[PDB]
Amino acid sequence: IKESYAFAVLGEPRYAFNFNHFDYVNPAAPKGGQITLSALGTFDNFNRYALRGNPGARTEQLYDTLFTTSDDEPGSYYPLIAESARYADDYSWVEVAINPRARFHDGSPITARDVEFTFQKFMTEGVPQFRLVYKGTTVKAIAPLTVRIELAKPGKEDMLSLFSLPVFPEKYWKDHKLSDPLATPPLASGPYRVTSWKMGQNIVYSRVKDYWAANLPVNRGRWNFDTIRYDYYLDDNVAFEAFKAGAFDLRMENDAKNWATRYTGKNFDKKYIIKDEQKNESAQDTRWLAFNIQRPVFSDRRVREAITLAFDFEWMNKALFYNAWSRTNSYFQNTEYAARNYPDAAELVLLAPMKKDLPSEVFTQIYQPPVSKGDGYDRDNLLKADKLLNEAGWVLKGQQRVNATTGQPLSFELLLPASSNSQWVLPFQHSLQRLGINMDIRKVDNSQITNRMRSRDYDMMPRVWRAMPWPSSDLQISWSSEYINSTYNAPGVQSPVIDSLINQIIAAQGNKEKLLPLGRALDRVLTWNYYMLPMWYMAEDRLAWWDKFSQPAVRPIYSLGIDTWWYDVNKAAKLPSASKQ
């Protein structure tokens, strides 16, 4: 039986038990001031954990958890509600000691019974994947401030995942179904509390100035602003112009042409607005176009390959995007687990038993999305697309691509959020037309796209694959057969090859020597099957803000660290007064 104050998914946590604060904070950061942010689309309720609805910005952060993660490590956990934990070396059980100072916003204590209540609330009224993941687990208050967690199989990551479960107050949540949207904020506990809102338009968070955990090491130097306000915009172009007029304080710029040509005006000449390009060498979010492979039009890997050949990234980057983007090419982008080289011996051991069910390129080639000459008319790529289509039974009848048996035109719908800039869409549609393929474009509002995304009610739609710094057991939610309805399986894949590799990843959790070939092997399977069409990423954060903030000397690796920023009185005094807005 061991006792610890910190845990890490791989290796050891960076911060010793006696640590005072994170390397990437200023412990003396002053409190006060407001930061105003934007959000795209709309929202209709306050329950992030419901089975439906459009949850408001930041409503995933309303609650403290047992342990909280550092932002400069891939997965290290430090005390928040918990003070410590005793556990067996096989990570099949843990007893978590609750800090007696822990409180909800109404001043009532957070107890072991609240943790037990919360686990059962998610098991019985949470999203379906929760009960599937935790079917073999129990969470029990064995003393007023000690929760015991027991797993049916050794599962370090299952255990640490529950360390991030929001701890609900039973006194409130006994009267609200977890699956139902909430028209008003729930009783919560975190350092910021919703204090006003306008449904669909804005949410205002206020700093909880007697926050019980304000001086814990994980919170020192953080949560400095007195007010965090989110204003919603239906149109990113409207949001961008509002930023430049001073309507909100900080913008993450995802539009290449905006960044290249439109950060102009006397607010920039007067140096009221700062631009920063922060390069990062860590795991990267990546953009893809999901093929719904449960729909007949995309059931054939050859058709998915042909449509991928029609996506001229080199032309798009040069002509539309100021060559800002890099091509997506891995589900572990910019990490050690990306399959950037030929398979090594250990990978071949894992893959050879499944060769009957694998594309042969998994063994013979390094995955590379198509490269075009960059003029929109890459002859080699488009002739190969035509041959793949022909071989798949989709032949030309005149200028139209039709099924060689039924005569049905090859046609599919691209589902798009109306809020996003999508300058690549007509170029893609034009390239497809030149293969005889019709792509209908359907732009829909924020709530509709959320509902349709969740149900996979699309032929194709853009998806973000969030940065995964190591092959996590969470891969099963997005890819394994049993979790098909989690809302995270974008292509709709149920493959025994994927299932077996992810089962091995889970059995090898914590073991980096084993996870390295397994992650690379899984990358090969997911990429070579063309389940999605790789779009782009960039290994940098393009940020602009009104010059009213100061920052710690060190930025975290895995977050922008805006929660470590503070309102700088000296800097703000030179800006025009917010009374003009």
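Numbering starts at 1 and runs along the sequence shown.
- Checked against the record, the higher mean CA B factor of 53-61 and 536-544 lies with 536-544.
- Averaged over CA atoms, B-factors in the entry run higher in 148-156 than in the other of 453-461 and 148-156.
- The PDB entry assigns its highest CA temperature factor, among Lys387, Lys318, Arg466, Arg302, to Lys387.
- Within the selection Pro181, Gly126, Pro217, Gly407, the deposited Cα B-factor values reach their highest point at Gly407.
- Among the modelled residues of the chain, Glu170 sits in the lowest third by CA temperature factor in this PDB entry.
- Annotation for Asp445: CA B-factor lies in the highest third of the chain's modelled residues.
- Ranked by Cα temperature factor within the chain, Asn334 sits in the middle third according to the deposited record.
- In the deposited entry, the Cα temperature factor of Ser326 sits in the middle third of values across the chain's modelled residues.
- Per the PDB record, residue ranking by Cα B-factor puts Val133 in the middle third of the chain.
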